[PDB]
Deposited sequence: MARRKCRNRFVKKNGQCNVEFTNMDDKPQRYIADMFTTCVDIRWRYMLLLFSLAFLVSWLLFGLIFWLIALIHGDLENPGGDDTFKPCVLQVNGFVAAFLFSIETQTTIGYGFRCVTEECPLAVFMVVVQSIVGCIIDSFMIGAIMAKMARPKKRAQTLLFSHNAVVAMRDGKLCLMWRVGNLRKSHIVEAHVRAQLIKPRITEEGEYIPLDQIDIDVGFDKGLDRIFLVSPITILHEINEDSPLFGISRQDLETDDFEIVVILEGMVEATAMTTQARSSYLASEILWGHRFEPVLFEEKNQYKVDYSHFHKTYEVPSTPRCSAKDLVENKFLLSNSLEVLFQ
């Protein structure tokens, strides 16, 4: 009844508080939402359009263009047809977007106006490039990527090849592969060291074959991950009855390079002591039909009872062999 450290869906159940400070662009960019980033960029356009519009309007005002927007034989405006702020605003937009309808058109008359068109051209170009890049950042780096990996709802304890094992099933929801895929597991419980030190949650490795490289998996059809419960296992002393009492949690991990997303992935899940099914085995999901193999995923989470499974702990199992040898 303690609590869930990692949720069934992989989400971690911890919140951070009281964090100190630092007084980056790429991370900041991908962290913001679409609607806000698009609002941001449209704001960037408006502001720059309005700014230059204001400048061209000032220039026109001072030059006397407002009273002679089309010019004549004796008089040439800085920008043709700026008759007021709305016109200046339009000329700004038309310049920066590069629409350039041309009714409002810069002339050779004013160095400053020519300068301002050069500047706005460069700015408009810079802004666009930043928008193209930010849109790719948030594009190729989404926070929501759909889980490509499935863990079974339950783990189970059963005999395989003379050994009592903790077992859980992993699967790939896509035809795409996972490169250099490998698995890990941890038992999560609080504990007090013999020296009296309290460890709120201790993370204790569950051996899935790392030392022989057998934690490395080639995952096509769903695979059943195996933990042999032995002297070195944290579950060594745990019997079926201990299970309905004990408060602990097992975190399971699958890591690898997903050929779809191109990025290294960590898929997570969790089994509470109460979510482990003793004396059970998974229903087979894999079937061969003539020319081809098929996986039926509706059997993925399903299990069946194996009543011949011993109800004592692995430690009892071992100790009993040594007890009936000597006598």
Missing CA stretches, deposited numbering from 1, N-terminus first:
1 to 5, 29 to 33, 338 to 343
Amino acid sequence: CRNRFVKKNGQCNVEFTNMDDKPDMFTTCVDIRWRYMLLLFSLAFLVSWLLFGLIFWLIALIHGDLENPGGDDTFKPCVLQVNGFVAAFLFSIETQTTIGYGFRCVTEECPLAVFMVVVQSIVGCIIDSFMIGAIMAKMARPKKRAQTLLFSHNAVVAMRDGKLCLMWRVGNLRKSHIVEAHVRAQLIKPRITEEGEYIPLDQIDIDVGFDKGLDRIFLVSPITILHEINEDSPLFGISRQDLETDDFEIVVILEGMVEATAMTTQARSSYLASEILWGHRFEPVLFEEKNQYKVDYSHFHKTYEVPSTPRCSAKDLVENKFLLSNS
From here on, numbers count along this sequence of modelled residues.
Tell me which of 24 to 32 and 64 to 72 has the higher mean C-alpha B-factor in the deposited entry.
24 to 32
Between 149 to 157 and 238 to 246 (mean CA B-factor, as deposited), the higher:
238 to 246
In terms of recorded Cα temperature factor, pick the maximum from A137, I93, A181, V118.
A137
From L54, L272, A260, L46, can you pick the one with the highest C-alpha B factor in the entry?
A260
Can you tell me which third, lowest, middle or highest, the CA B-factor of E231 falls into for its chain?
middle
Going by the CA temperature factor in the PDB record, which third of the chain does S221 belong to: lowest, middle or highest?
middle
For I199, does the deposited CA B-factor place it in the lowest, middle or highest third of the chain?
middle
What third of its chain's C-alpha B-factors does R191 belong to: lowest, middle or highest?
middle
Per the entry's values, where does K290 land by CA temperature factor relative to the rest of its chain, in the lowest, middle or highest third?
highest
